[PDB]
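Shown next, in structure tokens, is the structure this report addresses.
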Protein chains: 2
Amino acid sequence: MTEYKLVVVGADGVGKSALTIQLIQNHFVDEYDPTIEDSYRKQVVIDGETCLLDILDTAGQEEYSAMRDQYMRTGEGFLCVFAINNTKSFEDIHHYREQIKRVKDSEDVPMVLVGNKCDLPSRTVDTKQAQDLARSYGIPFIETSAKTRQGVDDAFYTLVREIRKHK
Amino acid sequence: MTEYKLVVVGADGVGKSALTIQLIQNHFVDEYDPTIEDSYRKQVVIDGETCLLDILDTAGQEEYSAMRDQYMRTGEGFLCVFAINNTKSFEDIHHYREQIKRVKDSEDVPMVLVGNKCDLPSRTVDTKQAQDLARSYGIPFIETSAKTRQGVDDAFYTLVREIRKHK
Ligand SMILES: Nc1nc2c(ncn2[C@@H]2O[C@H](COP(=O)(O)OP(=O)(O)CP(=O)(O)O)[C@@H](O)[C@H]2O)c(=O)[nH]1
Ligand SMILES: Nc1nc2c(ncn2[C@@H]2O[C@H](COP(=O)(O)OP(=O)(O)CP(=O)(O)O)[C@@H](O)[C@H]2O)c(=O)[nH]1
Ligand SMILES: CN1CCC(C)([C@]23NC(=O)c4ccccc4[C@H]2c2ccccc2N3)CC1
Ligand SMILES: [Mg+2]
Ligand SMILES: [Mg+2]
């Protein structure tokens, strides 16, 4: 059974936990409970292959930024999440990508750019600007909603495909 | 900050995941999604001390019984869970206690016996029989409901107190 080590990263409040809980448990968490570090081991069928997904739901709080080095060394693919109504979270993406690239000493780390909270009308980051950034990195870009489940399966399955396509 | 490694063990279906998710997320999970291995970190105040709880939600499925060795070696305290409406789950408790005792090579391992699903009218295990088993082990016994939250905080806090006493 092929195991995929996925790490969900991004600024504090973008919806990393809500995305993960939506994927695994099929419901939306309305409450905001800041994460320290949670992990999930889930069996899924992707393109007819039984995959074991090891998902690390990380802290967005900068107080736990020293914890990053270890999960960036062990993680195989990174879901880089920003919120479409949070411009700072979109600017923070570059810092996460640079740190991952440094830790792995590689320009070709499996990554997917995720623009979460696409159900909200309060957009501050244009889809075209996020598309252009993902193109500059050579990575897929997907918009998601942890509330409606729009794009959630696609975001995680695309990351598994990036780890698989890189392999 | 004092860190406590808590491991939730017991038969497949007793409510290990629902107890853990209730404690951390204040949410009851009605669905049955068999666990492989999930972990959570949570900061809590117990008797005026800020505790970091590292909770391991383990597989009840006997298919993953080989995974027990590693978590029984690293775990500091064990929440041994049975369901009050499942006689077999109560019978399985002694196997978990024996395995933990063997791995640790000790009769004094921090443990709490938990009789879950106390909200259900379909009781098959008498509170007195469970109290007697906990007495034979020299451990606390608490009845809980992951649905109503009855005894949930008490079960986890008591386990932390047992680790503190052991130390
Ligand atoms: N409308 C909407 N709200 C969302 C979405 N995803 C998350 N939220 C909300 O945003 C808040 C933060 O979500 P959460 O999943 O805790 O984000 P996080 O990135 O894990 C926060 P931390 O970095 O501290 O762990 C919550 O109120 C949650 O309901 C979404 O797609 N749409
Ligand atoms: N009424 C009631 N139902 C509960 C309670 N705790 C768990 N359940 C239910 O029992 C079922 C199994 O719960 P779950 O948390 O998955 O048990 P588990 O021991 O983790 C199963 P596994 O060992 O395979 O991971 C679920 O349908 C859940 O809603 C409870 O206290 N009261
Ligand atoms: C992705 N993994 C990372 C490790 C994990 C967080 C872990 N924490 C550890 O410190 C540790 C260290 C060595 C082996 C096993 C463990 C686990 C463990 C055992 C007992 C109780 C809690 C618990 N949580 C589980 C999830
Ligand atoms: Mg979170
Ligand atoms: Mg479970």
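FYI, side chains are in, hydrogens and waters are out, and symmetry mates aren't considered; it's all heavy atoms of this structure. Chain identifiers are assigned alphabetically (A, B, ...) following the order of the sequence lines, protein sequences preceding nucleic acid strands; residue numbering begins at 1 within each chain.
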Exercise. Decide if atom NZ of B:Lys167 counts as having more than 12 heavy atoms of other residues, nucleotides or ligands within a radius under 6.0 Å.
Key: yes

Quiz item: Between B:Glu31 and chain A, which part of the residue has a heavy atom less than 4.5 Å away: side chain, backbone, both or neither?
Solution: neither

Self-check item: Heavy atoms from other residues, nucleotides or ligands near NZ of B:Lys128 exceed 12 (cutoff 6.0 Å)
Solution: no

Quiz item: Heavy-atom distance under 4.5 Å to chain A: side chain of B:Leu52, backbone, both or neither?
Solution: side chain

Quiz item: Given that the side chain runs from C-beta out, which part of B:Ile24 has a heavy atom under 4.5 Å from chain A: side chain, backbone, both or neither?
Solution: backbone

Self-check item: Proximal component of B:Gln25, with respect to chain A [non-hydrogen, under 4.5 Å]
Solution: side chain

Quiz item: Taking the side chain as C-beta and beyond, is there a heavy-atom pair between A:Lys42 and B:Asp38 under 4.5 Å?
Solution: yes

Quiz prompt | Neighbour count above 12 (heavy atom, 6.0 Å) for A:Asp47 CG | solution = yes

Exercise. Report, as yes or no, whether the 6.0 Å neighbourhood of atom CD on A:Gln129 holds more than 12 heavy atoms from other residues, nucleotides or ligands.
Key: no

Quiz prompt | B:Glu3 atom CD, neighbour heavy-atom count above 12 within 6.0 Å | solution = yes

Self-check item: Approximate separation, where rounding is to 0.5 Å, of A:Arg41 CZ and B:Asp57 CG
Solution: 13.5 Å

